There are 2 protein chains.
Amino acid sequence: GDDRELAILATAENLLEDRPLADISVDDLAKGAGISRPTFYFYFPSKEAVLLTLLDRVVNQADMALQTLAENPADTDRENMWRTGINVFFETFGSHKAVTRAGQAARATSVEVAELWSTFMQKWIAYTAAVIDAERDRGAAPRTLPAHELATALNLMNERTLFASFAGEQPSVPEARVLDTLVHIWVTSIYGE
Amino acid sequence: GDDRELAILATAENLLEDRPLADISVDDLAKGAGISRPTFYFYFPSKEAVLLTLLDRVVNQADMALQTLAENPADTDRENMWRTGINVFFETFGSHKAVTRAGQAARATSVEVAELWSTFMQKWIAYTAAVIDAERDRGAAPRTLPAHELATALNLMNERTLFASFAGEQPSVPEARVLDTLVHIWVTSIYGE
Ligand SMILES: O=C(CCC1CCCC1)Nc1cccc(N2CCCCC2)c1
Ligand SMILES: O=C(CCC1CCCC1)Nc1cccc(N2CCCCC2)c1
């Protein structure tokens, strides 16, 4: 039950590593999961719903990892506080590149995939702006741009730049340099007058 | 000749304002341009080639406007030097939102559209890194990140953030705030130690 479902999810994650969702058939996922095609349609309405579920799991893993950090302050300077938080996203999506890639590609065709990405980006932006404001209240950061606008651009930058690096797009920051690049731009833009 | 071609281009730009390329037919473009369908196939092999041509024109207009700025230094401080340069892209693509949107969407299906966007981003990144390096040689900017990595992230940020704002995506920086938001992040990340 729960286990035929996980088999179909693990198969789809596996196959997405080698080819696009468009090149993967329901029969492929059924055969990989060791079930028939009509049995597959019992657990999922379509191969699109499988990707939605995979994406939902990755996004909620990032989200829960960030909540965990937010509840327990790492004991360290501000540059490292940001680095640790951006790193949740670098490690989480970077450990699931195929789902991240197919999930981003599906934004163009799936309203539920577009709304999932949008809900969670709104959450992460609101958290980012809340930390910047806490920093300006403390007198640790200057009052420059509106915190929510700054947070929005920084989060969009990370979405686009992490994604280019994970894809090895041309152009992209190499994956082994992208964290340091992003933390530099977040710290100078949040703390710089 | 040149004029039946321009008619088909202007029609396609017009129709893209109201609907996606997928909802636009060759007959639509022919009727709008006042020609028959086989005559259309004389000037363009497909509606996809029409979008490629539209995108190529927008991208080269930005590119030529930036070259023009680069050849004639605006007489002003550094914050304003960056603002004027980012503004070429904000005004150029922002005056052609429908083509920008369809052109970005076509990256997923067209190799020639993906290569056009990639060639020009590489050029603009190399120019951005060359100006940062000139600034560090002058002693006006500190030697922090590798200039080409910093340029890459800043350009990716602009591509993603300008585009969200032009689309009115949720989330996005409002279009009337996006320039100021971007110039802040470029100046603090280039000049901040
Ligand atoms: O990376 C960030 C910044 C998060 C903040 C850092 C500390 C507090 C929150 N935000 C973000 C938001 C939406 C999507 C994405 N990506 C989606 C495609 C794969 C790469 C990451 C990242
Ligand atoms: O906006 C920039 C920064 C350019 C630098 C600013 C001064 C020197 C060059 N770069 C850039 C690169 C590729 C695509 C895009 N966009 C593509 C989608 C619509 C919005 C803009 C922008």
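Letters go in sequence order (proteins before strands), and every chain restarts at 1. Just so it is clear, the values below take in all heavy atoms, side chains as well, and ignore hydrogens, waters and symmetry mates.
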Please examine the side chains of A/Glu169 and A/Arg160, heavy atoms only from C-beta on, and report whether any two atoms are closer than 4.5 Å. yes

How would you list, by chain and number, every residue that makes a side chain to side chain donor-acceptor pair (under 3.5 Å) with A/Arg107, sequence neighbours excluded? A/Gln104, A/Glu159

Just checking heavy atoms, which of residues 108-136 of chain B are less than 4.5 Å from chain A? B/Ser118, B/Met121, B/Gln122, B/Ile125

What pairs with A/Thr39 under side chain to side chain donor-acceptor pair (under 3.5 Å), at least two apart in sequence or on another chain? A/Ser36

Give, as side chain, backbone, both or neither, the part of B/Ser172 having an atom under 4.5 angstrom from any heavy atom of chain A. backbone

Can you confirm whether the side chains of B/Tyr191 and B/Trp82 place a donor and an acceptor under 3.5 Å from each other? yes

Identify whether the distance between the nearest side-chain nitrogen and carboxylate oxygen of A/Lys47 and A/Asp28 falls below 4.0 Å. no

Return all side-chain donor-acceptor pairs below 3.5 angstrom for residues 91-99 of chain A, not counting sequence neighbours, or 'none' if the list is empty.
from	atom 1	to	atom 2	distance (Å)
A/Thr92	OG1	A/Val88	O	2.6
A/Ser95	OG	A/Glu91	O	2.8
A/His96	ND1	A/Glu13	OE2	2.6
A/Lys97	NZ	A/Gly94	O	3.0
A/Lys97	NZ	A/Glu175	OE1	3.4
A/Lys97	NZ	A/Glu175	OE2	2.8

Determine, stepwise, if the pair A/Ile190 / A/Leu154 fulfils side-chain contact (heavy atoms from CB on, under 4.5 Å). CA-CA 10 Å; A/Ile190 288 165; A/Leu154 288 175; 4.0 Å; yes

Looking at B/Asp180, B/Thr181, B/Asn155, which makes the most heavy-atom pairs under 4.5 Å with chain A? B/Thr181

Taking side chain as everything from C-beta outward and backbone as N, CA, C, O, which of these in B/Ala105 sits under 4.5 Å from a heavy atom of chain A? Side chain, backbone, both or neither. neither

